[PDB]
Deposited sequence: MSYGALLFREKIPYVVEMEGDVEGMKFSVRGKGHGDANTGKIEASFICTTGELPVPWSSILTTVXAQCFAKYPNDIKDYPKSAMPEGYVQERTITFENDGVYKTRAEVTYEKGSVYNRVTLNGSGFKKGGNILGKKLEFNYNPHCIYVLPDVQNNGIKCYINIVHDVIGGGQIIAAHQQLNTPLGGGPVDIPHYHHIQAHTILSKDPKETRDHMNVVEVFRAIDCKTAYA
């Protein structure tokens, strides 16, 4: 199912303090390498929040997994899985997100909704004061047998224009869309690395993305 590089499609609807927007993305994921390359367009005009703020919201199934850690997202495929997050920004509001990640017609689809509230008028998010770049991160993956899934935790470091960084605290739940058996792993990490870029020839508000996700058995590797 993930033996080859395969197409990745994203359909996102957002609403942040009443500002509605749509994002569409197309790219590929290669679970052999853990690499994602995708292009995102805001199809409703100007994105009303920083691109970096929605990077995590816009495919964990593409992560490079070794044989000796259960791969919950790939196990939930092809019927797929629900990915829910609360993202709380330092001194600012929260994104609540609900995604359905499915395998259809040789492609992975990430169809995701986002609501934002509690954001400050001239803060880093509504003021769009975050740099257009990204930092590498460590994703925590924990078993959640009670929910037939995994709970994940991430701190995201956002670089602020003119110096400084803020944290976006991520709480994440992945549960199955199917009725099939799922593989629920022991606690481990996913190393994340992300380069954001623009196409100079692209006139629409956009974000291009090159990502690497590698699962690490930290109980062994950090010893």
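Stretches of the deposited sequence lacking C-alpha coordinates, numbered from 1: 1-6, 65.
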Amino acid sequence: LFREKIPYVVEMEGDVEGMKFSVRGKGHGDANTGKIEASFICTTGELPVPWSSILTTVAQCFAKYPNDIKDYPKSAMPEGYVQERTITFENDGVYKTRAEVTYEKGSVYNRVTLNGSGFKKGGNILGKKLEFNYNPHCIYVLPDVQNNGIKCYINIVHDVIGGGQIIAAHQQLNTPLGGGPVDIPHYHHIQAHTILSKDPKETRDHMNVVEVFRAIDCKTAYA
From here on, numbers count along this sequence of modelled residues.
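Taking the mean C-alpha B-factor of each stretch as recorded, 131-139 and 104-112 are not equal, and the higher mean is that of 104-112. The question of which stretch, 174-182 or 188-196, has the higher mean Cα B factor is settled in favour of 174-182.
Compared with the other modelled residues of the chain, the Cα B-factor recorded for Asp205 ranks in the middle third. Annotation for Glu84: C-alpha temperature factor in the middle third relative to the rest of the modelled chain, per the entry. Among the modelled residues of its chain, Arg24 has a C-alpha B-factor that falls in the middle third according to the deposited record. Ranked by Cα temperature factor within the chain, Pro50 sits in the lowest third according to the deposited record.
Per-chain ranking of the deposited C-alpha B factor places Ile154 in the middle third.
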